[PDB]
Amino acid sequence: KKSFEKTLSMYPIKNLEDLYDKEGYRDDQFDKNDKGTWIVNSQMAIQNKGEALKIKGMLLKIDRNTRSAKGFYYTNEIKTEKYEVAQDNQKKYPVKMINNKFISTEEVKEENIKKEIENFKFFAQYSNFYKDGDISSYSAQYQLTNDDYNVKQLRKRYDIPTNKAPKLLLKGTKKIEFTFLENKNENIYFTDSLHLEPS
């Protein structure tokens with residue numbers, strides 16, 4: 001648990017640029033001159049009944065050495081349980097972080113993608129912080145209510161087509177997941193992660 005608090009206590013980080021000056025856990029795989037890169041990823045996955053799993057998220061690499069951040073917005077559609085190559089639905093839209101905003105470094109023609117990038121917020125920017133697995137790979141999973149501050153935050157920012165209260169999974173080897181629905185071919189989950197890794 002409080003292995004998560006070392007990270008989650010930081011939330012919210014309204015200005016992600018503060019991560020330039022936030023030190024994380026460095027180990028002998030980090031070179032002595034590498035301050036590290038924060039990899040931040042937030043992602044909503046929504047599957048309406050009889051429809052494909054629709055995914056939208058952003059991945060950002062915040063390089064502490066160069067005080068710059070690059071990554072991409074991404075959308076995807078997943079239809080089957082198993083791997084089908086021809087579902088080539090993954091689109092990536094490269095962005096940079098400039099003044100705590102996310103800026104396309106390419107042309108984006110679809111007005112609907114432009115808006116999503118312009119208004120995007122990572123979970124770390126707006127959040128605030130039973131059933132235990134441990135296979136040495138630990139996890140703790142909790143049943144939340146719809147008055148949980150973070151559940152309300154998700155329902156504002158995303159259109160969640162179920163009113164069931166999600167479970168929060170703290171998965172660690174780190175990564176967090178709000179699972180709203182987990183029926184067969186009817187999945188709704190939000191994930192987020194923030195970790196420091198070598199550049």
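- This entry's official PDB title is "Crystal structure of the conserved staphylococcal antigen 1B, Csa1B".
- The Subcellular location comment attached to the protein chain in UniProt states, word for word, "Cell membrane".
- Regarding the protein chain, the relevant UniProt record gives this comment under Sequence similarities: "Belongs to the staphylococcal tandem lipoprotein family."

1. Some remarks on the overall build of the protein chain
Point 1. The secondary structure content of the protein chain amounts to three helices and 10 strands.
Point 2. For 199 residues, the compact-globule estimate of 2.2 N^0.38 gives 16 Å, and the C-alpha radius of gyration of the protein chain, at 17 Å, lies within 12% of that figure.
Point 3. The principal-axis extents of the C-alpha atoms in the protein chain amount to approximately 50 × 45 × 35 Å.
Point 4. Per-residue burial for the protein chain yields a buried fraction of 42% across its 199 residues.
Point 5. Computed over 36 positive and 31 negative side-chain charges, the inter-centroid distance for the protein chain is 2 Å.

2. Quick look at unusual backbone geometry
Point 1. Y11 connects to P12 through a cis peptide bond whose omega is 0°.
Point 2. The residue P12 is located in the loop between α1 (2–8) and β1 (37–47) in this model.
Point 3. Positive phi, close to 55°, is recorded for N100, a residue that is not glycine.
Point 4. Structurally, the position occupied by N100 is in the loop between β4 (91–98) and β5 (101–104).

3. Section: the pairing of strand β9 (residues 175–183)
Point 1. Sheet analysis places strand β8 (residues 167–172) next to β9, joined by five bridges and oriented antiparallel. Looking at the pairing, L169 lines up with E177 of β9.
Point 2. Of the strand pairs in this sheet, β9 and strand β10 (residues 186–197) are connected by eight bridges, and their pairing is antiparallel. Within β10, the position partnered with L181 by the bridge is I188.

4. Topic: the environment of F30
Point 1. Mapping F30 onto the fold places it in the loop between α1 and β1.
Point 2. Taking the relative accessible area as the measure of exposure, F30 reaches 7% and is therefore buried.
Point 3. Excluding residues within four positions of it along the chain, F30 makes contact with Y25, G36, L196, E197 and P198.

Each value, and the rule that gives it
Residues numbered from 1 in each chain as written, not as in the entry; some residues may be left out. Heavy atoms only, no water. UniProt positions renumbered as here; feature names shortened; annotations may be inferred. Helix = DSSP H or I, 4+ residues; strand = E, 2+ residues; numbered from the N terminus. Rg over C-alpha atoms; globule rule 2.2 N^0.38 Å. Buried < 20%, exposed > 50% of the residue type's maximum accessible area, 1.4 Å probe, protein only. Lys, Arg positive; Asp, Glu negative; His and termini not counted. Charge placed at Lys NZ, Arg CZ, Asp CG, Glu CD. Pairing = 2+ DSSP bridges. Contact = heavy atoms within 4.5 Å.

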